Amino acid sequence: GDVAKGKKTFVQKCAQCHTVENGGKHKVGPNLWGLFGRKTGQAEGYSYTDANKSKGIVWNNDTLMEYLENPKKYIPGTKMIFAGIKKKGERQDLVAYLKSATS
């Protein structure tokens, strides 16, 4: 995807609740450094719902694309209150940015 477009999407729709840099702070939601290839609910020092800790899947392109379309459908009980990025292209560019900015 397009990293520069995904970045703007992240700043507009995600930054209020998340940081991406290494050592970044937890805001409403968890810092996302190291997200890819890791199981759900594993950011150090963040208090996740039991649902986000137990989903049990590994975050990658496939699972993040599904999740970001409708967070609560994928993780029922989640405290991330956000409707989702409905357009596939916008979601793909956002995943491209996340992959680039979290490692």
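Quick note: we count residues from 1 along the sequence shown, nothing fancier.
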property: 20-28 set against 78-86, stretch whose average Cα temperature factor tops the other in the entry; result: 20-28
property: Where the record places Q42 (Cα B-factor, split into thirds across the chain); result: highest
property: Ranked C-alpha temperature factor of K73 among modelled chain residues, by third; result: middle
property: Chain-relative CA temperature factor third for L35; result: middle
